[PDB]
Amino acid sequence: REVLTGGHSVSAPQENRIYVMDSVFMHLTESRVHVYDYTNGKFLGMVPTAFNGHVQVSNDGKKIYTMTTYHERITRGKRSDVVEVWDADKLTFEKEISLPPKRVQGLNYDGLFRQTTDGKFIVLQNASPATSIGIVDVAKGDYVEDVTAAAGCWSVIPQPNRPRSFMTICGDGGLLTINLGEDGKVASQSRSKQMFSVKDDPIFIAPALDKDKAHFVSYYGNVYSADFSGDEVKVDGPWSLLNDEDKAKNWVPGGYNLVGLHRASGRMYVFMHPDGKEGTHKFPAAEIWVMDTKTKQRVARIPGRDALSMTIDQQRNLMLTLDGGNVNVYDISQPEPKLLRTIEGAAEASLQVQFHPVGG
(Lines of atoms letter the chains of each structure in order from A and count residues from 1; the text may use other names and numbers.)
(Lines give C-alpha, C1' and ligand atoms only; values in the text may rest on other atoms or scores of the structure.)
Protein backbone atom coordinates (compact mmCIF):
# COMPACT_ATOMS: atom_id res chain seq x y z
CA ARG A 1 0.00 0.00 0.00
CA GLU A 2 1.21 3.51 -0.80
CA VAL A 3 1.18 6.15 1.92
CA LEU A 4 1.14 9.87 1.32
CA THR A 5 3.86 11.66 3.26
CA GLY A 6 4.87 15.25 3.85
CA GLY A 7 7.96 16.79 5.42
CA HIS A 8 10.05 16.45 2.28
CA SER A 9 12.80 18.71 1.08
CA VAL A 10 13.20 20.33 -2.29
CA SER A 11 14.30 17.64 -4.71
CA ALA A 12 17.13 19.48 -6.48
CA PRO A 13 20.31 20.89 -4.98
CA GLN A 14 20.33 24.49 -3.83
CA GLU A 15 22.73 25.40 -6.63
CA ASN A 16 20.07 24.54 -9.22
CA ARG A 17 17.34 26.69 -7.70
CA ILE A 18 15.89 29.99 -8.79
CA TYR A 19 13.09 32.04 -7.29
CA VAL A 20 10.45 33.67 -9.47
CA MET A 21 8.50 36.22 -7.47
CA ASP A 22 4.98 36.03 -8.88
CA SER A 23 3.06 39.13 -7.92
CA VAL A 24 -0.11 37.64 -9.39
CA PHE A 25 -1.22 41.23 -9.86
CA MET A 26 -4.66 40.16 -11.11
CA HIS A 27 -5.09 38.52 -7.70
CA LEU A 28 -2.43 40.35 -5.74
CA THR A 29 -3.54 38.98 -2.35
CA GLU A 30 -2.23 35.59 -3.53
CA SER A 31 1.25 36.51 -4.63
CA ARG A 32 3.85 33.76 -4.22
CA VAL A 33 7.38 32.69 -4.94
CA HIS A 34 7.80 29.85 -7.43
CA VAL A 35 10.94 27.77 -7.04
CA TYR A 36 12.38 26.28 -10.22
CA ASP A 37 15.38 24.24 -11.25
CA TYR A 38 17.09 26.38 -13.93
CA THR A 39 18.95 23.37 -15.36
CA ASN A 40 15.80 21.60 -16.54
CA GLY A 41 12.81 23.90 -15.94
CA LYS A 42 11.29 21.71 -13.25
CA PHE A 43 8.94 23.29 -10.74
CA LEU A 44 10.28 22.50 -7.26
CA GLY A 45 7.86 24.22 -4.90
CA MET A 46 6.55 27.56 -3.75
CA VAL A 47 6.17 29.91 -0.84
CA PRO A 48 2.87 31.83 -0.39
CA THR A 49 3.34 35.55 0.17
CA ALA A 50 -0.13 37.01 0.61
CA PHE A 51 -0.54 40.60 -0.60
CA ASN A 52 2.27 41.86 -2.81
CA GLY A 53 5.01 39.74 -1.34
CA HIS A 54 8.69 40.44 -1.70
CA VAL A 55 11.37 37.78 -1.37
CA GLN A 56 15.06 37.18 -1.02
CA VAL A 57 17.22 34.21 -0.06
CA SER A 58 19.58 34.49 2.86
CA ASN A 59 23.14 35.07 1.77
CA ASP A 60 24.16 31.81 3.45
CA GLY A 61 21.56 29.94 1.40
CA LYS A 62 19.75 28.43 4.38
CA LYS A 63 16.58 30.53 4.59
CA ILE A 64 14.09 32.34 2.45
CA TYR A 65 12.87 35.70 3.66
CA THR A 66 9.56 37.12 2.62
CA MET A 67 7.96 40.46 3.29
CA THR A 68 4.22 40.88 3.09
CA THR A 69 1.05 42.42 4.48
CA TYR A 70 -1.85 40.68 6.13
CA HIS A 71 -5.14 42.01 7.43
CA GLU A 72 -7.41 40.16 9.85
CA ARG A 73 -10.08 39.89 7.16
CA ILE A 74 -7.90 40.68 4.10
CA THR A 75 -9.87 43.70 2.87
CA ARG A 76 -10.76 44.89 6.38
CA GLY A 77 -9.40 44.57 9.89
CA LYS A 78 -6.05 45.21 11.45
CA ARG A 79 -2.95 45.38 9.27
CA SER A 80 0.15 43.32 9.99
CA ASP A 81 3.26 43.98 7.94
CA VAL A 82 5.85 41.27 8.47
CA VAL A 83 9.01 39.60 7.44
CA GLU A 84 8.81 35.83 7.48
CA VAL A 85 11.69 33.42 7.72
CA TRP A 86 11.21 30.15 5.87
CA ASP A 87 13.44 27.13 5.65
CA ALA A 88 14.95 27.02 2.19
CA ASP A 89 15.02 23.28 1.86
CA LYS A 90 11.70 22.34 3.49
CA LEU A 91 9.90 25.49 2.23
CA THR A 92 8.23 25.79 5.62
CA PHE A 93 7.42 28.78 7.75
CA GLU A 94 9.63 29.30 10.77
CA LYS A 95 9.25 32.80 12.19
CA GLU A 96 7.35 36.01 11.79
CA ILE A 97 9.03 39.33 12.47
CA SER A 98 6.71 42.23 13.11
CA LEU A 99 7.25 45.44 11.11
CA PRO A 100 5.64 48.85 11.51
CA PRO A 101 2.68 49.10 9.08
CA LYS A 102 4.55 50.99 6.39
CA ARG A 103 6.58 48.41 4.46
CA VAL A 104 6.73 49.31 0.79
CA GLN A 105 3.86 48.00 -1.29
CA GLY A 106 5.06 48.07 -4.84
CA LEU A 107 6.57 46.17 -7.72
CA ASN A 108 9.44 43.79 -7.01
CA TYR A 109 12.59 45.81 -7.58
CA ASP A 110 15.51 44.06 -5.87
CA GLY A 111 16.38 47.17 -3.88
CA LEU A 112 13.16 47.25 -1.88
CA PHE A 113 14.06 44.17 0.19
CA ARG A 114 17.74 43.39 0.69
CA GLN A 115 20.22 42.29 3.35
CA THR A 116 23.64 43.23 4.57
CA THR A 117 26.57 41.45 3.02
CA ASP A 118 27.15 39.54 6.25
CA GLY A 119 23.57 38.36 6.22
CA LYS A 120 22.87 39.48 9.75
CA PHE A 121 20.38 42.25 8.90
CA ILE A 122 17.50 42.54 6.54
CA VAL A 123 17.24 46.03 5.09
CA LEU A 124 13.89 47.05 3.65
CA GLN A 125 12.18 50.09 2.20
CA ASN A 126 9.29 51.77 4.00
CA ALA A 127 6.79 54.24 2.63
CA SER A 128 4.07 55.77 4.71
CA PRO A 129 4.26 57.59 2.20
CA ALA A 130 7.22 59.26 3.87
CA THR A 131 10.20 57.07 3.22
CA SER A 132 12.64 55.45 5.57
CA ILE A 133 14.69 52.28 5.68
CA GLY A 134 13.85 49.55 8.15
CA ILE A 135 16.42 47.19 9.69
CA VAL A 136 15.56 43.71 10.89
CA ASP A 137 17.91 41.75 13.06
CA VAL A 138 17.51 38.23 11.75
CA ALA A 139 18.92 36.42 14.79
CA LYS A 140 16.82 38.42 17.25
CA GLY A 141 13.77 38.31 14.95
CA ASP A 142 13.17 42.00 15.65
CA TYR A 143 12.81 45.31 13.83
CA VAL A 144 15.68 47.22 15.40
CA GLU A 145 16.26 50.46 13.50
CA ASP A 146 14.37 52.91 11.34
CA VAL A 147 16.65 55.07 9.25
CA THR A 148 14.86 58.38 9.00
CA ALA A 149 18.03 59.86 7.57
CA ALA A 150 16.87 58.21 4.34
CA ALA A 151 13.70 60.33 4.04
CA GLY A 152 13.29 61.38 0.45
CA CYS A 153 15.52 58.54 -0.74
CA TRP A 154 14.61 55.23 -2.32
CA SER A 155 15.92 51.68 -2.46
CA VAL A 156 18.75 49.78 -0.90
CA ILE A 157 22.04 48.92 -2.60
CA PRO A 158 24.23 46.77 -0.37
CA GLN A 159 27.98 47.26 -0.51
CA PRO A 160 29.49 43.81 -1.13
CA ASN A 161 32.87 44.89 0.27
CA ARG A 162 31.59 45.74 3.76
CA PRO A 163 29.64 43.62 6.22
CA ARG A 164 26.77 45.96 7.10
CA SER A 165 26.80 48.89 4.72
CA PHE A 166 24.36 49.97 2.04
CA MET A 167 23.45 52.95 -0.07
CA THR A 168 20.25 54.60 -1.15
CA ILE A 169 19.44 57.00 -3.96
CA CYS A 170 18.31 60.38 -2.76
CA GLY A 171 16.18 63.17 -4.15
CA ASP A 172 19.25 65.36 -4.59
CA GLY A 173 20.64 62.93 -7.15
CA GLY A 174 23.28 61.71 -4.71
CA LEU A 175 23.73 58.63 -2.57
CA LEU A 176 23.33 58.20 1.14
CA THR A 177 25.52 55.50 2.67
CA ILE A 178 24.54 53.87 5.91
CA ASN A 179 26.91 51.76 7.95
CA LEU A 180 25.17 49.68 10.57
CA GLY A 181 26.74 48.59 13.79
CA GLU A 182 26.70 45.02 14.97
CA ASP A 183 23.47 45.84 16.77
CA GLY A 184 21.78 46.92 13.52
CA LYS A 185 21.62 50.58 14.60
CA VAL A 186 23.18 53.21 12.39
CA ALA A 187 26.86 53.40 13.25
CA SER A 188 27.73 56.11 10.71
CA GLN A 189 26.58 57.62 7.47
CA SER A 190 27.77 59.76 4.61
CA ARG A 191 26.38 61.57 1.62
CA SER A 192 27.97 61.68 -1.81
CA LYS A 193 28.16 64.61 -4.13
CA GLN A 194 25.43 64.78 -6.77
CA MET A 195 25.82 61.86 -9.16
CA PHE A 196 23.01 62.60 -11.64
CA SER A 197 20.53 65.29 -12.44
CA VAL A 198 17.16 64.15 -11.17
CA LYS A 199 15.36 66.42 -13.59
CA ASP A 200 17.52 66.10 -16.69
CA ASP A 201 18.87 62.53 -16.63
CA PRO A 202 17.03 60.39 -14.12
CA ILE A 203 18.53 56.98 -13.47
CA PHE A 204 16.88 53.66 -13.13
CA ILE A 205 17.23 52.50 -9.53
CA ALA A 206 18.52 49.03 -10.43
CA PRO A 207 22.29 48.79 -9.82
CA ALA A 208 24.83 46.90 -11.87
CA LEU A 209 26.63 45.98 -8.72
CA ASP A 210 30.31 45.16 -8.42
CA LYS A 211 32.19 44.30 -5.26
CA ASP A 212 33.33 47.89 -4.68
CA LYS A 213 31.32 49.97 -7.14
CA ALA A 214 27.90 50.24 -8.74
CA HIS A 215 26.77 51.45 -12.12
CA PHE A 216 23.41 52.90 -13.01
CA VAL A 217 21.82 53.56 -16.36
CA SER A 218 19.61 56.54 -17.15
CA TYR A 219 16.37 57.08 -18.99
CA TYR A 220 18.41 58.50 -21.90
CA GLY A 221 21.03 55.79 -22.01
CA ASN A 222 23.78 57.29 -19.90
CA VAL A 223 25.81 55.50 -17.26
CA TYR A 224 26.70 56.75 -13.80
CA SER A 225 28.95 55.12 -11.29
CA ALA A 226 29.47 55.09 -7.58
CA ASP A 227 32.77 53.87 -6.26
CA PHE A 228 32.69 52.71 -2.66
CA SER A 229 36.16 51.29 -2.38
CA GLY A 230 36.60 53.98 0.36
CA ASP A 231 34.32 55.12 3.20
CA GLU A 232 33.30 58.09 1.10
CA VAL A 233 31.51 57.20 -2.10
CA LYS A 234 32.95 58.79 -5.21
CA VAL A 235 30.53 59.41 -8.04
CA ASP A 236 30.97 59.97 -11.73
CA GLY A 237 29.25 60.00 -15.08
CA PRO A 238 27.69 60.25 -17.49
CA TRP A 239 29.13 58.14 -20.23
CA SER A 240 26.79 57.10 -22.98
CA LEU A 241 25.72 53.57 -23.83
CA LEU A 242 25.03 54.90 -27.31
CA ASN A 243 27.15 55.48 -30.37
CA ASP A 244 25.98 57.73 -33.23
CA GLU A 245 24.15 54.94 -35.08
CA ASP A 246 22.36 53.99 -31.83
CA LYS A 247 21.31 57.59 -31.28
CA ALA A 248 19.85 57.82 -34.80
CA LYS A 249 17.37 55.04 -33.95
CA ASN A 250 16.67 56.44 -30.46
CA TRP A 251 17.86 53.45 -28.51
CA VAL A 252 17.33 53.78 -24.77
CA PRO A 253 17.14 51.41 -21.78
CA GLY A 254 13.92 49.99 -20.55
CA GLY A 255 12.64 47.56 -17.97
CA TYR A 256 12.46 47.03 -14.24
CA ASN A 257 15.40 45.03 -12.81
CA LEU A 258 16.99 45.94 -16.10
CA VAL A 259 20.75 45.70 -15.59
CA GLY A 260 23.37 43.31 -14.32
CA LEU A 261 27.09 43.08 -13.93
CA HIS A 262 29.40 40.16 -14.51
CA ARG A 263 32.03 41.01 -11.94
CA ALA A 264 34.93 38.95 -13.27
CA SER A 265 34.84 40.64 -16.69
CA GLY A 266 33.23 43.98 -15.90
CA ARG A 267 30.56 43.33 -18.50
CA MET A 268 27.32 45.17 -17.88
CA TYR A 269 24.06 43.84 -19.34
CA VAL A 270 21.25 46.24 -20.15
CA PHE A 271 17.83 45.86 -21.71
CA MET A 272 17.42 48.28 -24.61
CA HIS A 273 14.77 49.21 -27.14
CA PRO A 274 14.66 51.51 -30.15
CA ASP A 275 12.38 54.51 -30.70
CA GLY A 276 12.79 55.73 -27.19
CA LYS A 277 10.82 58.69 -26.04
CA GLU A 278 9.12 59.98 -22.94
CA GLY A 279 7.13 57.14 -21.42
CA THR A 280 9.08 54.17 -22.81
CA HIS A 281 11.32 53.51 -19.81
CA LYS A 282 9.50 50.33 -18.83
CA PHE A 283 9.25 48.87 -22.33
CA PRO A 284 10.29 45.29 -22.92
CA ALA A 285 13.75 44.67 -24.31
CA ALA A 286 14.25 44.55 -28.03
CA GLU A 287 17.87 43.68 -27.26
CA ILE A 288 20.26 42.99 -24.49
CA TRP A 289 23.42 45.03 -24.83
CA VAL A 290 26.65 43.85 -23.34
CA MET A 291 28.88 46.74 -22.31
CA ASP A 292 32.52 46.74 -21.31
CA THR A 293 32.48 49.05 -18.31
CA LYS A 294 36.24 49.55 -18.45
CA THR A 295 36.36 50.70 -22.08
CA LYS A 296 32.87 52.25 -21.89
CA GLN A 297 31.93 50.61 -25.20
CA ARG A 298 29.43 48.00 -26.29
CA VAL A 299 30.88 44.60 -27.09
CA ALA A 300 27.77 42.60 -28.11
CA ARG A 301 24.04 42.82 -28.65
CA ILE A 302 21.50 39.99 -28.77
CA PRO A 303 17.74 39.69 -29.06
CA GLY A 304 15.92 40.69 -25.90
CA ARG A 305 12.98 38.27 -26.03
CA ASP A 306 10.77 41.03 -24.60
CA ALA A 307 12.49 40.75 -21.26
CA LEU A 308 11.86 43.23 -18.47
CA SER A 309 14.02 41.95 -15.60
CA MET A 310 17.22 40.01 -15.15
CA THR A 311 19.62 38.65 -12.59
CA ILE A 312 23.19 37.34 -12.73
CA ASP A 313 24.93 34.40 -11.09
CA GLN A 314 28.60 35.21 -10.86
CA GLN A 315 30.10 31.82 -10.14
CA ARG A 316 28.32 29.82 -12.79
CA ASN A 317 28.41 32.76 -15.26
CA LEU A 318 24.68 32.81 -15.83
CA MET A 319 22.06 35.43 -16.62
CA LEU A 320 18.35 34.95 -16.24
CA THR A 321 15.88 37.16 -18.01
CA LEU A 322 12.20 37.43 -17.40
CA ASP A 323 9.40 38.80 -19.58
CA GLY A 324 6.69 38.66 -16.91
CA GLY A 325 5.84 35.01 -17.44
CA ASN A 326 8.80 33.17 -18.90
CA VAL A 327 12.39 32.83 -17.73
CA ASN A 328 15.29 32.63 -20.14
CA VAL A 329 18.53 31.08 -19.04
CA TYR A 330 21.76 32.35 -20.59
CA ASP A 331 25.36 31.32 -20.34
CA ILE A 332 27.47 34.50 -20.01
CA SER A 333 30.88 32.85 -19.61
CA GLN A 334 31.87 34.55 -22.89
CA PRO A 335 31.04 38.05 -24.10
CA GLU A 336 28.12 36.93 -26.29
CA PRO A 337 25.39 35.39 -24.10
CA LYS A 338 24.14 31.99 -25.19
CA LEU A 339 20.51 31.05 -24.64
CA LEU A 340 20.30 27.65 -22.97
CA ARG A 341 16.54 27.34 -22.41
CA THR A 342 13.32 29.05 -21.66
CA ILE A 343 11.09 28.13 -18.77
CA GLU A 344 7.59 28.86 -19.96
CA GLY A 345 4.84 29.81 -17.55
CA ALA A 346 7.11 30.34 -14.58
CA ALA A 347 4.75 33.07 -13.36
CA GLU A 348 1.67 34.99 -14.27
CA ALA A 349 3.05 38.40 -13.35
CA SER A 350 6.66 38.43 -12.23
CA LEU A 351 9.17 41.24 -12.51
CA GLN A 352 11.85 39.55 -10.39
CA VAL A 353 13.87 36.36 -10.53
CA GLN A 354 16.80 35.48 -8.28
CA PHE A 355 19.29 32.62 -7.97
CA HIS A 356 19.79 30.64 -4.80
CA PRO A 357 23.03 31.98 -3.40
CA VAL A 358 25.99 29.64 -3.53
CA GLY A 359 28.86 32.01 -2.53
CA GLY A 360 28.30 31.82 1.26
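Heads up: residue numbers just count along the shown sequence, starting at 1.
Test of understanding: from the entry's C-alpha B-factors, which stretch has the higher mean, 230-238 or 204-212?
Here the higher of the two C-alpha B-factor means belongs to 230-238.
Report the stretch with the higher mean CA temperature factor, choosing between 187-195 and 108-116 on the basis of the entry.
Per the deposited B-factors, the answer is 187-195.
Using the temperature factors of the C-alpha atoms in this entry, rank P284 within its chain: lowest, middle or highest third.
According to the entry, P284 has a C-alpha B-factor in the chain's middle third.
Cα B factor band for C153 (lowest, middle or highest third within the chain):
As the PDB entry reports it, the C-alpha B-factor of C153 lands in the middle third of its chain.
Lowest, middle or highest third: which one holds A248 when the chain's residues are ordered by CA B-factor from the entry?
It belongs to the highest third of the chain when residues are ordered by C-alpha B-factor.
Pull the Cα B-factor of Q14 out of the PDB entry and bin it into the chain's lowest, middle or highest third.
Tercile = middle for this residue's CA B-factor.
For the chain shown, is the CA B-factor of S225 in the lowest, middle or highest third of its modelled residues?
CA B-factor rank for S225: highest third.
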